[PDB]
file my_file36.cif (mmCIF, C-alpha atoms and all ligand atoms)
data_final
#
loop_
_atom_site.label_atom_id
_atom_site.label_comp_id
_atom_site.auth_asym_id
_atom_site.auth_seq_id
_atom_site.Cartn_x
_atom_site.Cartn_y
_atom_site.Cartn_z
CA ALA A 31 0.00 0.00 0.00
CA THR A 32 1.26 3.48 -1.01
CA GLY A 33 1.34 6.49 1.36
CA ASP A 34 -1.36 8.13 -0.80
CA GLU A 35 -3.78 5.09 -0.60
CA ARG A 36 -3.70 5.08 3.24
CA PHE A 37 -3.85 8.93 3.58
CA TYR A 38 -6.81 9.20 1.16
CA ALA A 39 -8.82 6.28 2.61
CA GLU A 40 -8.10 6.88 6.36
CA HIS A 41 -7.98 10.76 6.49
CA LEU A 42 -8.66 12.91 3.37
CA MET A 43 -11.81 11.26 1.94
CA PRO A 44 -13.65 10.79 5.31
CA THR A 45 -12.76 14.45 6.22
CA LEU A 46 -14.02 15.87 2.86
CA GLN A 47 -17.15 13.63 2.82
CA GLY A 48 -17.87 14.83 6.43
CA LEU A 49 -17.78 18.54 5.26
CA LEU A 50 -19.90 18.11 2.07
CA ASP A 51 -23.40 17.01 1.11
CA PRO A 52 -23.11 13.93 -1.14
CA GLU A 53 -24.18 15.63 -4.42
CA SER A 54 -21.85 18.62 -3.61
CA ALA A 55 -19.03 16.05 -3.13
CA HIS A 56 -19.90 14.52 -6.57
CA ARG A 57 -19.91 17.97 -8.27
CA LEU A 58 -16.57 19.01 -6.64
CA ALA A 59 -15.00 15.67 -7.68
CA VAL A 60 -15.99 16.26 -11.34
CA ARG A 61 -14.42 19.78 -11.09
CA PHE A 62 -11.17 18.52 -9.42
CA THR A 63 -10.93 15.76 -12.08
CA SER A 64 -11.66 18.07 -15.06
CA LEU A 65 -8.80 20.39 -13.85
CA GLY A 66 -6.37 17.42 -13.34
CA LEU A 67 -6.06 18.24 -9.58
CA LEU A 68 -5.20 14.58 -8.83
CA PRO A 69 -2.60 12.59 -6.80
CA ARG A 70 0.14 10.98 -9.00
CA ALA A 71 -0.99 7.67 -10.61
CA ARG A 72 2.33 5.93 -9.72
CA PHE A 73 1.28 2.54 -11.23
CA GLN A 74 2.75 1.63 -14.69
CA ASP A 75 0.36 -0.59 -16.71
CA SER A 76 2.09 -3.91 -17.61
CA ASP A 77 1.49 -6.06 -20.70
CA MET A 78 -0.29 -8.54 -18.29
CA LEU A 79 -3.22 -6.08 -17.91
CA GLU A 80 -3.84 -5.42 -21.70
CA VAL A 81 -7.17 -6.76 -23.06
CA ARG A 82 -8.30 -6.85 -26.71
CA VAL A 83 -12.15 -6.82 -26.91
CA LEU A 84 -15.06 -4.84 -28.62
CA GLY A 85 -12.70 -4.06 -31.57
CA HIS A 86 -10.22 -2.16 -29.30
CA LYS A 87 -7.04 -2.47 -27.19
CA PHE A 88 -7.54 -1.66 -23.49
CA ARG A 89 -4.22 -0.80 -21.72
CA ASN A 90 -5.77 -2.07 -18.47
CA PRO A 91 -9.19 -3.60 -17.68
CA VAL A 92 -10.35 -1.10 -14.99
CA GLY A 93 -12.84 1.55 -16.11
CA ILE A 94 -14.92 4.29 -14.55
CA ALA A 95 -18.60 3.28 -14.54
CA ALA A 96 -21.41 5.51 -15.87
CA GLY A 97 -22.85 8.08 -13.48
CA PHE A 98 -19.63 9.75 -12.28
CA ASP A 99 -19.16 11.81 -15.47
CA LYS A 100 -22.76 12.01 -16.73
CA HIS A 101 -22.05 14.96 -19.09
CA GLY A 102 -18.54 14.23 -20.46
CA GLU A 103 -16.82 16.99 -18.43
CA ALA A 104 -13.92 15.01 -16.88
CA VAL A 105 -12.84 12.43 -19.52
CA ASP A 106 -9.16 13.45 -19.73
CA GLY A 107 -8.84 13.68 -15.93
CA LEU A 108 -10.31 10.17 -15.57
CA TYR A 109 -7.59 8.79 -17.90
CA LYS A 110 -5.05 10.71 -15.74
CA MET A 111 -6.41 8.77 -12.70
CA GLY A 112 -5.24 5.57 -14.46
CA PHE A 113 -8.55 4.17 -15.78
CA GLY A 114 -8.01 1.95 -18.87
CA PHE A 115 -11.32 3.19 -20.31
CA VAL A 116 -13.92 5.85 -19.55
CA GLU A 117 -17.70 5.64 -19.83
CA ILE A 118 -19.73 8.84 -19.77
CA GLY A 119 -23.47 9.23 -19.29
CA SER A 120 -26.20 8.37 -19.11
CA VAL A 121 -27.03 11.09 -21.65
CA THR A 122 -30.68 11.81 -22.55
CA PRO A 123 -31.81 13.38 -25.86
CA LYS A 124 -33.10 16.63 -24.36
CA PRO A 125 -31.62 18.26 -21.25
CA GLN A 126 -33.49 17.35 -18.05
CA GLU A 127 -33.06 18.21 -14.37
CA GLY A 128 -33.62 14.77 -12.83
CA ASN A 129 -35.25 14.22 -9.42
CA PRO A 130 -35.44 16.85 -6.62
CA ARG A 131 -32.50 17.07 -4.08
CA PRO A 132 -31.59 15.32 -1.94
CA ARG A 133 -31.20 12.37 -4.33
CA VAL A 134 -27.92 10.68 -3.27
CA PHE A 135 -27.30 9.08 0.14
CA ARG A 136 -24.11 7.72 1.75
CA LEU A 137 -24.17 4.39 3.69
CA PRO A 138 -20.58 4.45 5.02
CA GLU A 139 -21.18 1.51 7.45
CA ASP A 140 -22.07 -0.58 4.40
CA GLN A 141 -19.46 0.95 1.97
CA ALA A 142 -22.55 1.70 -0.14
CA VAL A 143 -24.46 4.55 -1.80
CA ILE A 144 -28.15 4.89 -2.70
CA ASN A 145 -28.95 7.25 -5.59
CA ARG A 146 -32.12 8.43 -7.33
CA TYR A 147 -30.62 11.07 -9.67
CA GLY A 148 -33.27 10.30 -12.33
CA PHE A 149 -31.05 10.91 -15.41
CA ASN A 150 -30.04 14.50 -14.77
CA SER A 151 -28.48 15.24 -18.16
CA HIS A 152 -27.10 18.19 -20.13
CA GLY A 153 -28.60 16.40 -23.18
CA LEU A 154 -27.16 15.09 -26.42
CA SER A 155 -26.38 18.51 -28.07
CA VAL A 156 -24.25 19.80 -25.16
CA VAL A 157 -22.38 16.49 -24.76
CA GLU A 158 -21.88 16.22 -28.56
CA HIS A 159 -20.17 19.62 -28.63
CA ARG A 160 -18.12 18.74 -25.53
CA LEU A 161 -16.80 15.51 -27.17
CA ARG A 162 -16.27 17.20 -30.56
CA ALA A 163 -13.87 19.70 -28.90
CA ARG A 164 -11.52 16.73 -28.07
CA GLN A 165 -12.50 14.27 -30.86
CA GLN A 166 -8.97 13.90 -32.35
CA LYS A 167 -7.39 13.79 -28.86
CA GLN A 168 -9.74 10.85 -28.14
CA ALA A 169 -8.84 9.17 -31.46
CA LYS A 170 -5.14 9.17 -30.30
CA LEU A 171 -6.10 7.96 -26.78
CA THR A 172 -8.14 5.09 -28.27
CA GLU A 173 -5.26 4.13 -30.61
CA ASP A 174 -2.98 4.17 -27.46
CA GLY A 175 -5.34 1.68 -25.66
CA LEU A 176 -7.65 4.15 -23.82
CA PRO A 177 -11.16 3.79 -25.31
CA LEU A 178 -14.30 5.88 -24.64
CA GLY A 179 -17.82 4.55 -24.01
CA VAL A 180 -21.03 6.61 -24.14
CA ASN A 181 -24.06 5.48 -22.14
CA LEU A 182 -27.47 6.47 -23.55
CA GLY A 183 -30.69 7.04 -21.59
CA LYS A 184 -34.20 8.27 -22.33
CA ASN A 185 -36.08 11.39 -21.30
CA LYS A 186 -38.68 11.15 -18.50
CA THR A 187 -41.53 12.42 -20.71
CA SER A 188 -40.54 10.62 -23.96
CA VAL A 189 -43.43 8.68 -25.65
CA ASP A 190 -41.13 6.51 -27.84
CA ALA A 191 -38.19 4.99 -25.86
CA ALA A 192 -36.64 3.39 -28.98
CA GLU A 193 -36.57 6.79 -30.75
CA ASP A 194 -34.69 8.33 -27.76
CA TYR A 195 -32.00 5.60 -28.00
CA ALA A 196 -31.91 5.94 -31.82
CA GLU A 197 -31.28 9.72 -31.43
CA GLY A 198 -28.40 8.92 -29.06
CA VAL A 199 -26.85 6.49 -31.55
CA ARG A 200 -27.04 9.07 -34.35
CA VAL A 201 -25.65 11.99 -32.28
CA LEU A 202 -23.05 10.35 -29.99
CA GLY A 203 -22.36 7.08 -31.82
CA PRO A 204 -19.85 8.83 -34.11
CA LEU A 205 -17.85 10.02 -31.06
CA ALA A 206 -17.80 6.70 -29.13
CA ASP A 207 -15.81 3.44 -29.19
CA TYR A 208 -18.85 1.75 -27.64
CA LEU A 209 -22.40 2.74 -26.86
CA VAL A 210 -24.47 1.45 -23.94
CA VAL A 211 -28.22 1.01 -24.16
CA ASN A 212 -29.04 1.62 -20.54
CA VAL A 213 -32.34 -0.25 -19.96
CA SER A 214 -31.60 -0.80 -16.22
CA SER A 215 -31.81 2.52 -14.31
CA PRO A 216 -34.08 1.94 -11.29
CA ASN A 217 -34.93 5.71 -11.25
CA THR A 218 -36.94 6.17 -14.53
CA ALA A 219 -40.54 4.79 -14.43
CA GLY A 220 -41.07 1.89 -16.91
CA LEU A 221 -37.40 1.84 -18.08
CA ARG A 222 -36.55 -1.65 -16.73
CA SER A 223 -39.63 -3.06 -18.64
CA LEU A 224 -37.46 -2.45 -21.79
CA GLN A 225 -35.39 -5.51 -20.61
CA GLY A 226 -38.40 -7.77 -21.45
CA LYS A 227 -37.97 -10.04 -24.55
CA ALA A 228 -40.42 -8.43 -27.12
CA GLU A 229 -39.59 -4.82 -26.02
CA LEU A 230 -35.80 -5.47 -26.01
CA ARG A 231 -35.81 -7.20 -29.47
CA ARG A 232 -37.75 -4.28 -31.08
CA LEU A 233 -35.59 -1.62 -29.28
CA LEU A 234 -32.24 -3.29 -30.06
CA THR A 235 -33.16 -3.99 -33.72
CA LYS A 236 -33.75 -0.20 -34.15
CA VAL A 237 -30.52 0.70 -32.26
CA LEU A 238 -28.40 -1.73 -34.33
CA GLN A 239 -29.92 -0.50 -37.66
CA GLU A 240 -29.03 3.11 -36.65
CA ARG A 241 -25.48 2.07 -35.61
CA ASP A 242 -24.99 0.10 -38.87
CA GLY A 243 -25.91 3.31 -40.81
CA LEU A 244 -22.88 5.19 -39.43
CA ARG A 245 -19.69 5.49 -41.51
CA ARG A 246 -17.10 2.76 -40.68
CA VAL A 247 -14.59 4.91 -38.68
CA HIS A 248 -17.61 6.29 -36.68
CA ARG A 249 -19.36 2.92 -36.05
CA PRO A 250 -19.23 1.91 -32.36
CA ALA A 251 -19.82 -1.40 -30.59
CA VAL A 252 -23.28 -1.63 -28.94
CA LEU A 253 -23.68 -3.05 -25.41
CA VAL A 254 -26.77 -3.52 -23.24
CA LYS A 255 -26.51 -2.68 -19.53
CA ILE A 256 -28.70 -4.86 -17.34
CA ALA A 257 -30.03 -4.88 -13.82
CA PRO A 258 -28.94 -7.17 -10.97
CA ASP A 259 -32.69 -7.74 -10.14
CA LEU A 260 -33.72 -9.83 -13.15
CA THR A 261 -35.65 -13.08 -12.93
CA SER A 262 -34.09 -16.25 -14.37
CA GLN A 263 -36.63 -15.90 -17.25
CA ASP A 264 -35.52 -12.29 -17.91
CA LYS A 265 -31.83 -13.38 -18.09
CA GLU A 266 -32.59 -16.25 -20.47
CA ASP A 267 -34.59 -13.88 -22.69
CA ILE A 268 -31.80 -11.24 -22.74
CA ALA A 269 -29.21 -13.91 -23.66
CA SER A 270 -31.49 -15.17 -26.49
CA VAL A 271 -32.01 -11.64 -27.91
CA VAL A 272 -28.30 -10.71 -27.65
CA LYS A 273 -27.27 -13.82 -29.61
CA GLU A 274 -30.15 -13.45 -32.20
CA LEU A 275 -29.26 -9.79 -32.97
CA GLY A 276 -25.43 -9.91 -32.61
CA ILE A 277 -25.26 -7.36 -29.75
CA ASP A 278 -21.54 -6.74 -29.15
CA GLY A 279 -21.52 -7.06 -25.34
CA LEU A 280 -23.23 -6.68 -21.95
CA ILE A 281 -22.57 -4.43 -18.96
CA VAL A 282 -23.43 -6.40 -15.81
CA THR A 283 -24.74 -4.73 -13.58
CA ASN A 284 -26.53 -1.50 -12.75
CA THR A 285 -27.54 -0.69 -9.16
CA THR A 286 -30.02 -2.84 -7.21
CA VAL A 287 -33.53 -1.97 -5.97
CA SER A 288 -33.10 -4.81 -3.45
CA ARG A 289 -32.02 -4.10 0.13
CA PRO A 290 -29.91 -7.12 1.15
CA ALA A 291 -30.37 -8.25 4.73
CA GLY A 292 -27.71 -6.73 6.98
CA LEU A 293 -27.53 -3.12 5.71
CA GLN A 294 -26.68 -0.87 8.69
CA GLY A 295 -26.77 2.66 7.25
CA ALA A 296 -29.47 4.92 8.66
CA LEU A 297 -30.47 5.73 5.03
CA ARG A 298 -30.95 2.08 3.90
CA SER A 299 -34.71 2.58 3.27
CA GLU A 300 -34.26 5.57 0.89
CA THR A 301 -35.72 4.98 -2.62
CA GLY A 302 -33.13 4.41 -5.34
CA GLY A 303 -30.41 2.13 -6.62
CA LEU A 304 -27.93 0.62 -4.13
CA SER A 305 -24.25 0.41 -5.18
CA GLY A 306 -20.96 -0.61 -3.56
CA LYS A 307 -20.10 -3.61 -1.37
CA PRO A 308 -23.68 -4.95 -0.81
CA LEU A 309 -24.10 -5.24 -4.62
CA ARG A 310 -20.76 -6.97 -5.25
CA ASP A 311 -21.66 -10.68 -5.11
CA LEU A 312 -25.13 -10.17 -6.68
CA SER A 313 -23.29 -8.53 -9.66
CA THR A 314 -20.61 -11.28 -9.82
CA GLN A 315 -23.29 -14.02 -9.92
CA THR A 316 -25.18 -12.11 -12.66
CA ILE A 317 -21.92 -12.02 -14.71
CA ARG A 318 -21.49 -15.75 -14.09
CA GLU A 319 -25.03 -16.57 -15.33
CA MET A 320 -24.86 -14.25 -18.38
CA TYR A 321 -21.45 -15.69 -19.43
CA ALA A 322 -22.87 -19.24 -19.26
CA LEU A 323 -26.11 -18.32 -21.11
CA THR A 324 -24.04 -16.67 -23.91
CA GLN A 325 -21.50 -19.58 -24.08
CA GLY A 326 -18.64 -17.20 -23.30
CA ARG A 327 -19.10 -15.66 -26.81
CA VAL A 328 -20.40 -12.21 -25.67
CA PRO A 329 -17.95 -9.82 -23.96
CA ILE A 330 -19.07 -8.67 -20.51
CA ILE A 331 -18.05 -5.54 -18.64
CA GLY A 332 -18.45 -6.45 -14.96
CA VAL A 333 -19.47 -3.76 -12.49
CA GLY A 334 -20.83 -3.60 -8.94
CA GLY A 335 -18.90 -3.36 -5.70
CA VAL A 336 -15.33 -3.53 -7.04
CA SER A 337 -12.87 -2.00 -4.53
CA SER A 338 -9.89 -4.41 -4.71
CA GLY A 339 -7.90 -6.61 -7.06
CA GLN A 340 -9.66 -9.64 -5.58
CA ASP A 341 -13.05 -8.10 -6.41
CA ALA A 342 -11.87 -7.42 -10.00
CA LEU A 343 -10.42 -10.91 -10.46
CA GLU A 344 -13.60 -12.59 -9.12
CA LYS A 345 -15.61 -10.78 -11.86
CA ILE A 346 -12.98 -11.64 -14.54
CA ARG A 347 -12.96 -15.34 -13.54
CA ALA A 348 -16.81 -15.28 -13.57
CA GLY A 349 -16.74 -14.07 -17.22
CA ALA A 350 -15.94 -10.33 -17.34
CA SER A 351 -13.42 -9.15 -19.97
CA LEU A 352 -13.28 -5.69 -18.32
CA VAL A 353 -14.46 -4.23 -15.01
CA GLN A 354 -15.73 -0.85 -13.88
CA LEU A 355 -16.08 0.87 -10.53
CA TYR A 356 -17.67 4.01 -9.17
CA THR A 357 -18.78 3.71 -5.52
CA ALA A 358 -15.29 2.67 -4.26
CA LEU A 359 -13.93 6.02 -5.58
CA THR A 360 -16.33 7.82 -3.11
CA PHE A 361 -14.62 6.13 -0.10
CA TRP A 362 -10.98 5.62 -1.28
CA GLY A 363 -10.54 8.50 -3.78
CA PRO A 364 -8.33 8.43 -6.89
CA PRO A 365 -5.61 6.12 -5.44
CA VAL A 366 -8.14 3.21 -5.56
CA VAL A 367 -7.45 2.85 -9.32
CA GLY A 368 -3.74 2.01 -8.91
CA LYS A 369 -4.63 -0.12 -5.84
CA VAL A 370 -7.03 -2.31 -7.85
CA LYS A 371 -4.55 -2.62 -10.77
CA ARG A 372 -1.56 -3.47 -8.50
CA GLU A 373 -3.60 -6.08 -6.53
CA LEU A 374 -5.07 -7.60 -9.75
CA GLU A 375 -1.56 -7.96 -11.33
CA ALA A 376 -0.27 -9.64 -8.11
CA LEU A 377 -3.24 -12.09 -7.97
CA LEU A 378 -2.94 -13.03 -11.67
CA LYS A 379 0.76 -13.95 -11.04
CA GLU A 380 -0.15 -15.85 -7.79
CA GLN A 381 -2.89 -17.88 -9.63
CA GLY A 382 -0.62 -18.76 -12.63
CA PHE A 383 -2.36 -16.58 -15.27
CA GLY A 384 -0.14 -15.13 -18.04
CA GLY A 385 -2.45 -12.09 -18.12
CA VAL A 386 -6.03 -10.84 -17.77
CA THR A 387 -7.07 -12.56 -21.01
CA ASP A 388 -6.12 -16.05 -19.64
CA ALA A 389 -8.33 -15.47 -16.53
CA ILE A 390 -11.54 -14.42 -18.38
CA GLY A 391 -14.20 -17.04 -17.57
CA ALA A 392 -11.63 -19.31 -15.81
CA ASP A 393 -14.18 -20.41 -13.14
CA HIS A 394 -16.38 -22.02 -15.85
CA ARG A 395 -13.42 -24.29 -16.87
CA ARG A 396 -12.87 -25.71 -13.27
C1 LIG A 401 -22.03 9.07 -5.47
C2 LIG A 401 -21.74 10.58 -5.44
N1 LIG A 401 -20.41 10.84 -4.92
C3 LIG A 401 -20.02 10.97 -3.60
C4 LIG A 401 -20.95 10.95 -2.41
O1 LIG A 401 -21.57 9.72 -2.23
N2 LIG A 401 -18.76 11.18 -3.49
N3 LIG A 401 -18.24 11.17 -4.78
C5 LIG A 401 -16.90 11.42 -5.01
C6 LIG A 401 -16.29 12.42 -4.26
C7 LIG A 401 -14.92 12.66 -4.40
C8 LIG A 401 -14.16 11.88 -5.29
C9 LIG A 401 -14.81 10.89 -6.05
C10 LIG A 401 -16.12 10.65 -5.87
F1 LIG A 401 -16.71 9.65 -6.57
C11 LIG A 401 -12.73 12.09 -5.53
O2 LIG A 401 -12.05 11.38 -6.26
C12 LIG A 401 -12.16 13.26 -4.87
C13 LIG A 401 -10.77 13.76 -5.01
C14 LIG A 401 -9.98 13.88 -3.86
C15 LIG A 401 -8.69 14.41 -4.02
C16 LIG A 401 -8.24 14.79 -5.27
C17 LIG A 401 -9.03 14.62 -6.39
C18 LIG A 401 -10.31 14.13 -6.27
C19 LIG A 401 -11.14 14.03 -7.51
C20 LIG A 401 -12.97 13.97 -4.04
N4 LIG A 401 -14.28 13.74 -3.75
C21 LIG A 401 -15.09 14.67 -2.90
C22 LIG A 401 -15.05 14.11 -1.51
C23 LIG A 401 -14.70 16.11 -2.99
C24 LIG A 401 -19.28 10.99 -5.68
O3 LIG A 401 -19.19 10.98 -6.91
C1 LIG A 402 -24.50 8.26 -8.22
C2 LIG A 402 -24.63 7.19 -9.26
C3 LIG A 402 -25.16 7.50 -10.51
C4 LIG A 402 -25.27 6.53 -11.53
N1 LIG A 402 -25.77 6.89 -12.75
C5 LIG A 402 -25.73 5.97 -13.72
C6 LIG A 402 -26.11 6.33 -15.06
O1 LIG A 402 -26.38 7.50 -15.41
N2 LIG A 402 -26.07 5.34 -16.00
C7 LIG A 402 -25.73 4.02 -15.72
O2 LIG A 402 -25.76 3.19 -16.65
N3 LIG A 402 -25.36 3.66 -14.49
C8 LIG A 402 -25.35 4.59 -13.54
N4 LIG A 402 -24.94 4.25 -12.27
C9 LIG A 402 -24.56 2.85 -11.99
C10 LIG A 402 -23.07 2.58 -12.06
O3 LIG A 402 -22.58 2.76 -13.40
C11 LIG A 402 -22.75 1.14 -11.65
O4 LIG A 402 -23.40 0.25 -12.56
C12 LIG A 402 -23.16 0.81 -10.21
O5 LIG A 402 -23.04 1.94 -9.35
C13 LIG A 402 -22.37 -0.36 -9.64
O6 LIG A 402 -20.97 -0.10 -9.55
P1 LIG A 402 -20.30 0.41 -8.17
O7 LIG A 402 -20.78 -0.53 -7.07
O8 LIG A 402 -18.81 0.29 -8.46
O9 LIG A 402 -20.72 1.86 -7.97
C14 LIG A 402 -24.82 5.22 -11.26
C15 LIG A 402 -24.30 4.93 -10.00
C16 LIG A 402 -24.16 5.89 -9.02
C17 LIG A 402 -23.54 5.51 -7.70
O1 LIG A 403 -29.59 8.67 -13.04
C1 LIG A 403 -29.85 7.78 -12.21
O2 LIG A 403 -30.62 7.95 -11.26
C2 LIG A 403 -29.27 6.41 -12.35
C3 LIG A 403 -29.21 5.78 -13.58
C4 LIG A 403 -28.70 4.49 -13.63
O3 LIG A 403 -28.63 3.89 -14.71
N1 LIG A 403 -28.31 3.90 -12.51
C5 LIG A 403 -28.40 4.53 -11.34
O4 LIG A 403 -28.03 3.96 -10.30
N2 LIG A 403 -28.88 5.77 -11.26
CL CL A 404 -3.53 10.10 -19.53
CL CL A 405 -25.79 11.07 2.96
CL CL A 406 -28.14 19.42 -24.90
CL CL A 407 -18.29 12.86 -36.33
CL CL A 408 -25.73 -5.18 -36.68
CL CL A 409 -15.47 3.33 -33.51
CL CL A 410 -36.14 -16.05 -10.77
CL CL A 411 -34.91 -6.48 -0.88
CL CL A 412 -36.22 1.78 -4.39
CL CL A 413 -8.99 -13.90 -6.08
#
call {"tool": "encode", "arguments": {"input": "my_file36.cif", "output": "C-alpha cells", "more": "lines below"}}
Ligand SMILES: CCn1c(CO)nn(-c2cc3c(cc2F)c(=O)c(-c2ccccc2C)cn3C(C)C)c1=O
Ligand SMILES: Cc1cc2nc3c(=O)[nH]c(=O)nc-3n(C[C@H](O)[C@H](O)[C@H](O)COP(=O)(O)O)c2cc1C
Ligand SMILES: O=C(O)c1cc(=O)[nH]c(=O)[nH]1
Ligand SMILES: [Cl-]
Ligand SMILES: [Cl-]
Ligand SMILES: [Cl-]
Ligand SMILES: [Cl-]
Ligand SMILES: [Cl-]
Ligand SMILES: [Cl-]
Ligand SMILES: [Cl-]
Ligand SMILES: [Cl-]
Ligand SMILES: [Cl-]
Ligand SMILES: [Cl-]
result
Amino acid sequence: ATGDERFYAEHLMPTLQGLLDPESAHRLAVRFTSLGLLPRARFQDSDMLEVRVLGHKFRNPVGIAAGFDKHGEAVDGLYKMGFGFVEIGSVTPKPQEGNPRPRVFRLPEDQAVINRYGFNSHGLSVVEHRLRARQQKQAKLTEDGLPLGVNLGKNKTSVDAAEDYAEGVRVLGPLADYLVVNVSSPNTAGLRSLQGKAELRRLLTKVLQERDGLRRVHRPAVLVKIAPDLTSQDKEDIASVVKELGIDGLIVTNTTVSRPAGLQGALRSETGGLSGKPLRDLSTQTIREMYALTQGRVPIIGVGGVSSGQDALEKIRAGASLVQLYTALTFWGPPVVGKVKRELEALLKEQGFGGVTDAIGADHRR
C-alpha cells in the first residue's frame, strides 16, 4: 500500500465527505478531475493487464462506470487517474433536471451509496459539442489503448423509448468506441420493462440499424446494460435476444432496488439504486449466469462493488473481460485505481495466469 492510498482512505476522503453534502461532493470531484487536480498515478500498466475486446485495445481492464461523469466533463482527468477506459453518461436526448435534491445518500457503514438522480443530463447537443472539442485527442487515446464509451438514456416524458435511444446512436455514436443502451436505471418509471424479450428485441433492432448506418470509422460497438434484479426468465430472454441480434456485449450490472439483509446505514430505506459492497456478489453471480447463457461468446463488462484486485479478479474469472467501478472512488478516492490494478496484477501472477485474457471465464473451466 502506497502512502497516498492510506492517507486518502483513512484521512482525506472521510474528512471531505464529512464537510460536504453527497451531491456537492460529486460535483466538486468532477471539477477537481476536469482540472487534473489529482494525486500521482504511480502505477505503470504492464502487458499482463492489456485486453483486446469490442474491436479495441484496453491498456488495463479497470474503467470508470457511468454516473460519475454524466455529461462528459472530466474524460481526460479520468484517464489521468489511471482508468483503462472511460464511460460517460447516461445522456438523454433533451436536457433534463432529474429528481429533486436530496437524491444521493451515503451508507458508510455498508461501503454503499443509494442514488435516485433520475437521469439529470445536459442532453445530447451539449455532450456532442463537448466531445467534438476533443475528438482527435480521443482518437489518439483510443489508438494508445484508452477507449471511450457513451451510455445512452431516455427522457422522463418521452413517448417513444426506442426513438430516444436511436437519437443517441445518431448523435453520440460517431464520437464513441462503444455505446451502452441503458435499460436498467431503477430511477426512470417503466425503463426496466425495456429488458423484457419483445420490447428489447424491437428496441435493439432499431438501435443496431441506426449504428450500422454510421460510416465505418464512426461505427461503435453496442452493449446492453442490465439490472442485478432480473428473474431467471428475464436473463434467459436477454441472452437469447443478444445472440439473435449480434449485440456486441453486456454491462453487468446497474444498481439494485433490493435491500440485502444486513444493511446498517441509517439511510438504507431511501428509494433508489444501491451500489458498492452490498451489490458486489449479486453482480458477480449475474456475470457468471450471463457468461454461461451466452456460451462465453459475448464480452461482458463487470461492475458492482469492485474496490480491490480480488473483487476485479472474481468478476474476470466469472466471465468479465473488463471491469468498472464508481462507488469505491467515493470512499478511497483516486488512489483506488492504482490499488485495484496493483492487486489484480499480483493475484494473476499468484494464480498462474499469463495475463487478464487467460483469466476471463476461468471459473467455468474448473
Ligand atoms: C455518489 C456521489 N459521490 C459521492 C458521495 O456519495 N462522493 N463522490 C466522489 C467524491 C470525491 C471523489 C470521487 C467521488 F466519486 C474524488 O475522487 C475526490 C478527489 C480527492 C482528491 C483529489 C481529487 C479528487 C477528484 C474527491 N471527492 C469529494 C469528496 C470532494 C461521488 O461521486
Ligand atoms: C451516483 C450514481 C449515478 C449513476 N448513474 C448511472 C447512469 O447514469 N447510468 C448508468 O448506466 N449507471 C449509472 N450508475 C450505476 C453505475 O454505473 C454502476 O453500474 C453501479 O453503481 C455499480 O458499480 P459500483 O458498485 O462500483 O458503484 C450510477 C451509480 C451511481 C452511484
Ligand atoms: O440517473 C440515475 O438515477 C441512475 C441511472 C442508472 O442507470 N443507474 C443509477 O443507479 N442511477
Ligand atoms: Cl492520460
Ligand atoms: Cl448522505
Ligand atoms: Cl443538450
Ligand atoms: Cl463525427
Ligand atoms: Cl448489426
Ligand atoms: Cl469506432
Ligand atoms: Cl427467478
Ligand atoms: Cl430487498
Ligand atoms: Cl427503491
Ligand atoms: Cl482472487
call {"tool": "residues_near_ligand", "arguments": {"input": "my_file36.cif", "ligand": "ligand CL 410 (chain A)", "cutoff": "8 Å", "atoms": "only C-alpha atoms and all ligand atoms", "output": "number ranges by chain"}}
result
A: 260-263
call {"tool": "residues_around", "arguments": {"input": "my_file36.cif", "residues": "residue A:358", "least_positions_apart": "4", "cutoff": "10 Å", "atoms": "all atoms listed in the file", "output": "PyMOL selection string"}}
result
chain A and resi 141-143+305-307+334-338+362-364+366-367
call {"tool": "write_last_selection", "arguments": {"input": "my_file36.cif", "atoms": "C-alpha atoms", "output": "PDB file, keeping the file's coordinate frame"}}
result
ATOM      1  CA  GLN A 141     -19.460   0.950   1.970  1.00  0.00           C
ATOM      2  CA  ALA A 142     -22.550   1.700  -0.140  1.00  0.00           C
ATOM      3  CA  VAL A 143     -24.460   4.550  -1.800  1.00  0.00           C
ATOM      4  CA  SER A 305     -24.250   0.410  -5.180  1.00  0.00           C
ATOM      5  CA  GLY A 306     -20.960  -0.610  -3.560  1.00  0.00           C
ATOM      6  CA  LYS A 307     -20.100  -3.610  -1.370  1.00  0.00           C
ATOM      7  CA  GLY A 334     -20.830  -3.600  -8.940  1.00  0.00           C
ATOM      8  CA  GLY A 335     -18.900  -3.360  -5.700  1.00  0.00           C
ATOM      9  CA  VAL A 336     -15.330  -3.530  -7.040  1.00  0.00           C
ATOM     10  CA  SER A 337     -12.870  -2.000  -4.530  1.00  0.00           C
ATOM     11  CA  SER A 338      -9.890  -4.410  -4.710  1.00  0.00           C
ATOM     12  CA  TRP A 362     -10.980   5.620  -1.280  1.00  0.00           C
ATOM     13  CA  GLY A 363     -10.540   8.500  -3.780  1.00  0.00           C
ATOM     14  CA  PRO A 364      -8.330   8.430  -6.890  1.00  0.00           C
ATOM     15  CA  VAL A 366      -8.140   3.210  -5.560  1.00  0.00           C
ATOM     16  CA  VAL A 367      -7.450   2.850  -9.320  1.00  0.00           C
TER      17      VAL A 367
END
call {"tool": "residues_around", "arguments": {"input": "my_file36.cif", "residues": "stretch 237-254 of chain A", "least_positions_apart": "6", "cutoff": "6 Å", "atoms": "only C-alpha atoms", "output": "VMD selection string"}}
result
chain A and resid 196 204 206 to 211 278 to 280
call {"tool": "residues_near_ligand", "arguments": {"input": "my_file36.cif", "ligand": "ligand CL 412 (chain A)", "cutoff": "10 Å", "atoms": "all atoms listed in the file", "output": "list in words"}}
result
residues 144, 145, 146, 216, 217, 286, 287, 288, 289, 298, 299, 300, 301, 302, 303 and 304 of chain A
call {"tool": "atom_distance", "arguments": {"input": "my_file36.cif", "atom1": "atom CA of residue A:95", "atom2": "atom CA of residue A:343"}}
result
16.9 Å
call {"tool": "closest_atom_pairs", "arguments": {"input": "my_file36.cif", "of": "stretch 142-161 of chain A", "to": "stretch 181-185 of chain A", "cutoff": "10 Å", "atoms": "all atoms listed in the file", "output": "Markdown table"}}
result
| residue | atom | partner | partner_atom | distance |
| --- | --- | --- | --- | --- |
| A:148 | CA | A:185 | CA | 9.5 |
| A:149 | CA | A:183 | CA | 7.3 |
| A:150 | CA | A:185 | CA | 9.4 |
| A:151 | CA | A:185 | CA | 9.1 |
| A:153 | CA | A:185 | CA | 9.2 |
| A:154 | CA | A:182 | CA | 9.1 |
call {"tool": "residues_around", "arguments": {"input": "my_file36.cif", "residues": "residue A:213", "least_positions_apart": "3", "cutoff": "7 Å", "atoms": "all atoms listed in the file", "output": "PyMOL selection string"}}
result
chain A and resi 221-222+224-225+255-256
